[PDB]
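Q: Next comes the structure file input-v5.csv, holding CSV, N, CA, C and O atoms.
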chain,number,residue,atom,x,y,z
A,1,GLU,N,64.0,-7.2,-48.8
A,1,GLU,CA,62.7,-6.8,-49.5
A,1,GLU,C,63.0,-6.0,-50.8
A,1,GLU,O,63.2,-4.8,-50.7
A,2,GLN,N,63.0,-6.6,-51.9
A,2,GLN,CA,63.0,-6.0,-53.2
A,2,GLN,C,61.6,-5.5,-53.5
A,2,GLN,O,60.6,-6.2,-53.4
A,3,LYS,N,61.4,-4.2,-53.9
A,3,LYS,CA,60.1,-3.7,-54.2
A,3,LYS,C,60.1,-3.1,-55.6
A,3,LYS,O,60.6,-2.0,-55.8
A,4,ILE,N,59.4,-3.8,-56.5
A,4,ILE,CA,59.3,-3.4,-57.9
A,4,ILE,C,58.1,-2.5,-58.2
A,4,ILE,O,57.0,-3.0,-57.9
A,5,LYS,N,58.3,-1.3,-58.7
A,5,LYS,CA,57.2,-0.4,-59.0
A,5,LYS,C,57.1,-0.3,-60.5
A,5,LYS,O,58.1,-0.1,-61.2
A,6,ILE,N,55.9,-0.4,-61.0
A,6,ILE,CA,55.6,-0.3,-62.5
A,6,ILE,C,54.5,0.7,-62.6
A,6,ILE,O,53.4,0.6,-62.1
A,7,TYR,N,54.8,1.8,-63.4
A,7,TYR,CA,53.8,2.8,-63.6
A,7,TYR,C,54.0,3.5,-64.9
A,7,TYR,O,55.0,3.3,-65.6
A,8,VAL,N,53.0,4.4,-65.2
A,8,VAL,CA,53.1,5.1,-66.5
A,8,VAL,C,53.3,6.5,-66.2
A,8,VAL,O,52.8,7.1,-65.2
A,9,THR,N,54.0,7.2,-67.1
A,9,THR,CA,54.3,8.6,-66.9
A,9,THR,C,54.3,9.3,-68.3
A,9,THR,O,54.6,8.6,-69.3
A,10,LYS,N,54.0,10.6,-68.3
A,10,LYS,CA,54.1,11.4,-69.5
A,10,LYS,C,54.8,12.7,-69.1
A,10,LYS,O,54.2,13.5,-68.5
A,11,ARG,N,56.1,12.8,-69.5
A,11,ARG,CA,56.7,14.1,-69.2
A,11,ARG,C,56.2,15.2,-70.0
A,11,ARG,O,55.5,15.0,-71.0
A,12,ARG,N,56.4,16.4,-69.6
A,12,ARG,CA,56.0,17.6,-70.3
A,12,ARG,C,56.6,17.6,-71.7
A,12,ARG,O,57.8,17.4,-71.9
A,13,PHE,N,55.7,17.7,-72.7
A,13,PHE,CA,56.0,17.6,-74.1
A,13,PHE,C,56.5,16.2,-74.5
A,13,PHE,O,57.1,16.1,-75.6
A,14,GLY,N,56.2,15.2,-73.7
A,14,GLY,CA,56.7,13.9,-74.0
A,14,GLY,C,55.5,13.0,-74.5
A,14,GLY,O,54.4,13.4,-74.6
A,15,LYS,N,55.8,11.7,-74.7
A,15,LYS,CA,54.8,10.7,-74.9
A,15,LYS,C,54.7,9.8,-73.7
A,15,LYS,O,55.6,9.8,-72.8
A,16,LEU,N,53.6,9.0,-73.6
A,16,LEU,CA,53.5,8.1,-72.4
A,16,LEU,C,54.6,7.0,-72.4
A,16,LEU,O,54.9,6.4,-73.4
A,17,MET,N,55.3,6.9,-71.2
A,17,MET,CA,56.3,5.9,-71.0
A,17,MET,C,55.9,4.9,-69.9
A,17,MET,O,55.1,5.3,-69.0
A,18,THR,N,56.4,3.7,-69.9
A,18,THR,CA,56.2,2.8,-68.8
A,18,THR,C,57.5,2.8,-68.0
A,18,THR,O,58.6,2.5,-68.6
A,19,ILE,N,57.5,3.0,-66.7
A,19,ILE,CA,58.6,3.0,-65.9
A,19,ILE,C,58.7,1.8,-64.9
A,19,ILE,O,57.7,1.4,-64.3
A,20,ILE,N,59.9,1.2,-64.9
A,20,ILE,CA,60.1,0.0,-64.0
A,20,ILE,C,61.3,0.3,-63.1
A,20,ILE,O,62.4,0.5,-63.5
A,21,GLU,N,61.0,0.3,-61.8
A,21,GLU,CA,62.1,0.6,-60.8
A,21,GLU,C,62.1,-0.4,-59.6
A,21,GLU,O,61.1,-1.1,-59.4
A,22,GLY,N,63.2,-0.5,-58.9
A,22,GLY,CA,63.2,-1.2,-57.7
A,22,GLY,C,64.1,-2.4,-57.7
A,22,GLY,O,64.3,-3.1,-56.7
A,23,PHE,N,64.7,-2.7,-58.8
A,23,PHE,CA,65.6,-3.8,-58.9
A,23,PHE,C,66.9,-3.6,-58.2
A,23,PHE,O,67.4,-2.4,-58.2
A,24,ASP,N,67.5,-4.6,-57.7
A,24,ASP,CA,68.9,-4.5,-57.1
A,24,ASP,C,69.9,-4.6,-58.3
A,24,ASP,O,70.1,-5.7,-58.8
A,25,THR,N,70.5,-3.5,-58.6
A,25,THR,CA,71.3,-3.3,-59.7
A,25,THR,C,72.6,-4.0,-59.6
A,25,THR,O,73.3,-4.2,-60.6
A,26,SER,N,73.0,-4.4,-58.4
A,26,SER,CA,74.2,-5.1,-58.2
A,26,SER,C,74.0,-6.6,-58.6
A,26,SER,O,75.0,-7.3,-58.8
A,27,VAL,N,72.8,-7.1,-58.6
A,27,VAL,CA,72.5,-8.5,-58.9
A,27,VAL,C,71.8,-8.7,-60.2
A,27,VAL,O,72.1,-9.6,-60.9
A,28,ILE,N,71.0,-7.7,-60.6
A,28,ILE,CA,70.2,-7.7,-61.8
A,28,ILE,C,70.7,-6.8,-62.9
A,28,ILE,O,70.9,-5.6,-62.7
A,29,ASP,N,71.0,-7.4,-64.1
A,29,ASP,CA,71.5,-6.5,-65.2
A,29,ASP,C,70.3,-5.9,-65.9
A,29,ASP,O,69.6,-6.6,-66.7
A,30,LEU,N,70.1,-4.6,-65.7
A,30,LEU,CA,69.0,-3.9,-66.3
A,30,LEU,C,69.1,-3.8,-67.8
A,30,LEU,O,68.1,-3.8,-68.5
A,31,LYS,N,70.3,-3.8,-68.4
A,31,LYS,CA,70.5,-3.8,-69.8
A,31,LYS,C,69.8,-5.0,-70.5
A,31,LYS,O,69.0,-4.9,-71.4
A,32,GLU,N,70.2,-6.2,-70.0
A,32,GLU,CA,69.6,-7.4,-70.5
A,32,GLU,C,68.1,-7.5,-70.2
A,32,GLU,O,67.3,-8.0,-71.0
A,33,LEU,N,67.7,-7.1,-69.0
A,33,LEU,CA,66.3,-7.1,-68.6
A,33,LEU,C,65.5,-6.2,-69.6
A,33,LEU,O,64.5,-6.6,-70.2
A,34,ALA,N,66.0,-5.0,-69.8
A,34,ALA,CA,65.4,-4.1,-70.8
A,34,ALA,C,65.3,-4.7,-72.2
A,34,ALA,O,64.2,-4.5,-72.8
A,35,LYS,N,66.3,-5.3,-72.6
A,35,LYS,CA,66.3,-5.9,-74.0
A,35,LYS,C,65.2,-7.0,-74.0
A,35,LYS,O,64.4,-7.0,-75.0
A,36,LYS,N,65.0,-7.8,-73.0
A,36,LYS,CA,64.0,-8.8,-72.9
A,36,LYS,C,62.6,-8.1,-72.9
A,36,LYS,O,61.7,-8.6,-73.6
A,37,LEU,N,62.5,-7.1,-72.1
A,37,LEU,CA,61.2,-6.4,-72.0
A,37,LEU,C,60.8,-5.7,-73.3
A,37,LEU,O,59.6,-5.8,-73.7
A,38,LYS,N,61.8,-5.2,-74.0
A,38,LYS,CA,61.5,-4.5,-75.2
A,38,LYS,C,61.0,-5.5,-76.3
A,38,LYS,O,60.3,-5.1,-77.2
A,39,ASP,N,61.4,-6.7,-76.2
A,39,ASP,CA,60.9,-7.7,-77.1
A,39,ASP,C,59.5,-8.1,-76.8
A,39,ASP,O,58.7,-8.3,-77.7
A,40,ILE,N,59.2,-8.1,-75.5
A,40,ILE,CA,57.8,-8.4,-75.0
A,40,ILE,C,56.8,-7.3,-75.5
A,40,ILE,O,55.7,-7.6,-75.9
A,41,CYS,N,57.2,-6.1,-75.3
A,41,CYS,CA,56.4,-5.0,-75.6
A,41,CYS,C,56.5,-4.5,-77.1
A,41,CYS,O,55.6,-3.8,-77.6
A,42,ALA,N,57.6,-4.9,-77.8
A,42,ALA,CA,57.9,-4.5,-79.1
A,42,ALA,C,57.9,-3.0,-79.2
A,42,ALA,O,57.2,-2.4,-80.1
A,43,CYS,N,58.6,-2.3,-78.3
A,43,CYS,CA,58.7,-0.9,-78.3
A,43,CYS,C,60.1,-0.5,-78.0
A,43,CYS,O,60.9,-1.4,-77.6
A,44,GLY,N,60.4,0.8,-78.1
A,44,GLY,CA,61.8,1.2,-77.8
A,44,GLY,C,61.9,1.4,-76.3
A,44,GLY,O,60.9,1.3,-75.6
A,45,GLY,N,63.1,1.5,-75.8
A,45,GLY,CA,63.3,1.6,-74.4
A,45,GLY,C,64.8,1.8,-74.0
A,45,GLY,O,65.7,1.6,-74.9
A,46,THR,N,65.1,2.3,-72.8
A,46,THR,CA,66.4,2.4,-72.3
A,46,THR,C,66.5,2.2,-70.9
A,46,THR,O,65.5,2.2,-70.1
A,47,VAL,N,67.7,1.9,-70.4
A,47,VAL,CA,68.0,2.0,-69.0
A,47,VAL,C,68.3,3.4,-68.6
A,47,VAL,O,69.2,4.0,-69.2
A,48,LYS,N,67.5,4.0,-67.8
A,48,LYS,CA,67.6,5.3,-67.3
A,48,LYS,C,68.0,5.3,-65.8
A,48,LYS,O,67.1,5.0,-65.0
A,49,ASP,N,69.2,5.6,-65.5
A,49,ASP,CA,69.8,5.4,-64.2
A,49,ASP,C,69.5,4.0,-63.7
A,49,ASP,O,70.0,3.1,-64.3
A,50,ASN,N,68.8,3.9,-62.6
A,50,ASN,CA,68.5,2.5,-62.1
A,50,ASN,C,67.1,2.1,-62.4
A,50,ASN,O,66.5,1.3,-61.6
A,51,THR,N,66.6,2.5,-63.5
A,51,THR,CA,65.2,2.2,-64.0
A,51,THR,C,65.2,1.8,-65.4
A,51,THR,O,66.2,2.0,-66.1
A,52,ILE,N,64.1,1.2,-65.9
A,52,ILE,CA,63.9,0.9,-67.3
A,52,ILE,C,62.7,1.7,-67.8
A,52,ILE,O,61.7,1.8,-67.1
A,53,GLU,N,62.9,2.4,-68.9
A,53,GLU,CA,61.7,3.2,-69.4
A,53,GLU,C,61.3,2.6,-70.8
A,53,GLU,O,62.2,2.4,-71.6
A,54,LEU,N,60.1,2.3,-70.9
A,54,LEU,CA,59.6,1.7,-72.1
A,54,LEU,C,58.5,2.6,-72.7
A,54,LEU,O,57.8,3.3,-72.0
A,55,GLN,N,58.5,2.7,-74.1
A,55,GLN,CA,57.6,3.6,-74.7
A,55,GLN,C,56.2,3.0,-74.8
A,55,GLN,O,56.0,1.8,-75.2
A,56,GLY,N,55.1,3.8,-74.5
A,56,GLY,CA,53.8,3.3,-74.4
A,56,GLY,C,53.4,2.7,-73.1
A,56,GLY,O,54.2,2.8,-72.1
A,57,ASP,N,52.1,2.2,-73.0
A,57,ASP,CA,51.7,1.7,-71.7
A,57,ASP,C,51.7,0.1,-71.7
A,57,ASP,O,50.9,-0.5,-72.4
A,58,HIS,N,52.7,-0.4,-71.1
A,58,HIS,CA,52.9,-1.9,-71.0
A,58,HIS,C,53.0,-2.4,-69.6
A,58,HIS,O,53.7,-3.4,-69.4
A,59,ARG,N,52.3,-1.8,-68.7
A,59,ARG,CA,52.3,-2.2,-67.3
A,59,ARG,C,52.0,-3.6,-67.0
A,59,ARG,O,52.8,-4.3,-66.4
A,60,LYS,N,50.9,-4.1,-67.5
A,60,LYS,CA,50.5,-5.5,-67.2
A,60,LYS,C,51.4,-6.5,-67.9
A,60,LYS,O,51.8,-7.5,-67.3
A,61,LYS,N,51.7,-6.2,-69.2
A,61,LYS,CA,52.7,-7.0,-70.0
A,61,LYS,C,54.0,-7.2,-69.2
A,61,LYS,O,54.5,-8.4,-69.1
A,62,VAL,N,54.6,-6.1,-68.7
A,62,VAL,CA,55.8,-6.2,-68.0
A,62,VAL,C,55.7,-6.9,-66.7
A,62,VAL,O,56.5,-7.8,-66.5
A,63,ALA,N,54.7,-6.6,-65.9
A,63,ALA,CA,54.5,-7.3,-64.7
A,63,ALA,C,54.4,-8.8,-64.9
A,63,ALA,O,55.1,-9.6,-64.2
A,64,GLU,N,53.6,-9.2,-65.8
A,64,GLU,CA,53.4,-10.6,-66.1
A,64,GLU,C,54.7,-11.3,-66.6
A,64,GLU,O,55.0,-12.4,-66.2
A,65,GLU,N,55.5,-10.6,-67.4
A,65,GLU,CA,56.7,-11.1,-67.9
A,65,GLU,C,57.7,-11.3,-66.7
A,65,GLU,O,58.4,-12.3,-66.7
A,66,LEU,N,57.8,-10.3,-65.8
A,66,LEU,CA,58.7,-10.4,-64.7
A,66,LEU,C,58.3,-11.6,-63.8
A,66,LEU,O,59.3,-12.2,-63.3
A,67,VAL,N,57.1,-11.9,-63.7
A,67,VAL,CA,56.7,-13.1,-62.9
A,67,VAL,C,57.2,-14.4,-63.6
A,67,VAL,O,57.7,-15.3,-63.0
A,68,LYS,N,57.0,-14.4,-64.9
A,68,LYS,CA,57.4,-15.5,-65.8
A,68,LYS,C,58.9,-15.7,-65.6
A,68,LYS,O,59.4,-16.8,-65.5
A,69,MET,N,59.7,-14.6,-65.4
A,69,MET,CA,61.1,-14.6,-65.2
A,69,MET,C,61.6,-15.0,-63.8
A,69,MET,O,62.8,-15.0,-63.6
A,70,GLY,N,60.7,-15.3,-62.9
A,70,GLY,CA,61.1,-15.7,-61.6
A,70,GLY,C,61.0,-14.7,-60.5
A,70,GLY,O,61.4,-14.9,-59.3
A,71,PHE,N,60.6,-13.5,-60.8
A,71,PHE,CA,60.4,-12.4,-59.8
A,71,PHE,C,59.1,-12.6,-59.0
A,71,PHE,O,58.0,-12.9,-59.6
A,72,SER,N,59.1,-12.4,-57.7
A,72,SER,CA,58.0,-12.6,-56.9
A,72,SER,C,56.8,-11.7,-57.3
A,72,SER,O,56.9,-10.5,-57.5
A,73,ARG,N,55.6,-12.4,-57.5
A,73,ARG,CA,54.3,-11.7,-57.8
A,73,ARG,C,54.0,-10.7,-56.7
A,73,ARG,O,53.6,-9.6,-57.0
A,74,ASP,N,54.4,-11.0,-55.5
A,74,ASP,CA,54.1,-10.1,-54.4
A,74,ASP,C,55.1,-9.0,-54.2
A,74,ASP,O,54.9,-8.1,-53.4
A,75,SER,N,56.1,-9.0,-55.0
A,75,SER,CA,57.1,-7.9,-54.9
A,75,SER,C,56.8,-6.8,-55.9
A,75,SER,O,57.5,-5.8,-55.9
A,76,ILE,N,55.8,-7.1,-56.8
A,76,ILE,CA,55.6,-6.2,-57.9
A,76,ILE,C,54.3,-5.4,-57.6
A,76,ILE,O,53.3,-6.0,-57.3
A,77,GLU,N,54.4,-4.1,-57.8
A,77,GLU,CA,53.2,-3.2,-57.8
A,77,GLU,C,53.0,-2.4,-59.1
A,77,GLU,O,53.9,-1.7,-59.5
A,78,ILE,N,51.8,-2.5,-59.7
A,78,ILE,CA,51.5,-1.6,-60.8
A,78,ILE,C,50.8,-0.5,-60.2
A,78,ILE,O,49.8,-0.6,-59.4
A,79,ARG,N,51.2,0.8,-60.5
A,79,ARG,CA,50.4,2.0,-60.2
A,79,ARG,C,49.8,2.6,-61.4
A,79,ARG,O,48.6,3.0,-61.3
Please rewrite the model in this file as structure tokens.
A:
Amino acid sequence: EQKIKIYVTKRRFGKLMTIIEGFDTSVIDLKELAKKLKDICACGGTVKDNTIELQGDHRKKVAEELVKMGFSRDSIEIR
């Protein structure tokens, strides 16, 4: 059971980020995923530990792209 969580966060003194977590890092390369997602959202981003952080609110965009890429619709939750 892979469980993908997509949500928005704003750290203290920060700007709104979109966070994506729950991928199996031994099978999925987050660096390449992030690069692909950054093109979809046209924003900056990085792999932060075992998560991807994107600048701005792109929850729906990301979720839809992940489905396009073959990830289960039912494995993804937007919060």
Q: Show me as a list in words the residues that reach within 4.5 Å of (66.7, -1.6, -70.8), counting only N, CA, C and O atoms and using the file's own coordinates.
A: residues 30, 31, 34, 35, 46 and 47 of chain A
Q: As an exercise, work out the distance from atom CA of residue A:6 to atom CA of residue A:62 in Å and give it to one decimal place.
A: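 Between atom CA of residue A:6 and atom CA of residue A:62 the gap works out to 8.1 Å.
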Q: With DSSP run on the backbone, what are the strand (DSSP E or B) residues within chain A? I'd like them as a list in words.
A: residues 4, 5, 6, 7, 8, 9, 10, 16, 17, 18, 19, 20, 21, 45, 46, 47, 48, 51, 52, 53, 54, 55, 76, 77 and 78 of chain A
Q: Applying 6 Å and all atoms listed in the file, which residues near stretch 77-79 of chain A remain after dropping the ones on its own chain fewer than 5 positions away? List them as a list in words.
A: residues 4, 5, 6, 7 and 8 of chain A
Q: What are the closest atom pairs, with distances in Å to one decimal, for each residue of stretch 16-44 of chain A lying within 9 Å of stretch 49-58 of chain A, using only C-alpha atoms, rows by chain and rising residue number, as CSV?
A:
residue,atom,partner,partner_atom,distance
A:16,CA,A:56,CA,5.2
A:17,CA,A:55,CA,4.5
A:18,CA,A:54,CA,4.9
A:19,CA,A:53,CA,4.7
A:20,CA,A:52,CA,5.1
A:21,CA,A:51,CA,4.7
A:22,CA,A:51,CA,7.4
A:23,CA,A:50,CA,7.6
A:24,CA,A:50,CA,8.6
A:25,CA,A:50,CA,6.9
A:30,CA,A:52,CA,7.1
A:31,CA,A:52,CA,8.5
A:33,CA,A:52,CA,8.5
A:34,CA,A:52,CA,6.3
A:37,CA,A:54,CA,8.3
A:38,CA,A:54,CA,7.2
A:41,CA,A:58,CA,6.6
A:43,CA,A:55,CA,5.9
A:44,CA,A:55,CA,5.7
Q: Rounded to one decimal, what separation in Å do you get between atom O of residue A:2 and atom N of residue A:74?
A: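 Taking atom O of residue A:2 as the start and atom N of residue A:74 as the end point, the length is 8.1 Å.
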Q: Rounded to one decimal in Å, what is the spacing between atom C of residue A:67 and atom C of residue A:15?
A: 26.3 Å
Q: For residue A:9, which residue among A:39, A:73, A:59, A:27 is the nearest when counting only C-alpha atoms?
A: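 Checking each candidate against residue A:9, we get A:59 as the closest.
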Q: With DSSP run on the backbone, what are the helix (DSSP H, G or I) residues within chain A? I'd like them as a list in words.
A: residues 30, 31, 32, 33, 34, 35, 36, 37, 38, 39, 40, 41, 59, 60, 61, 62, 63, 64, 65, 66, 67, 68, 73, 74 and 75 of chain A
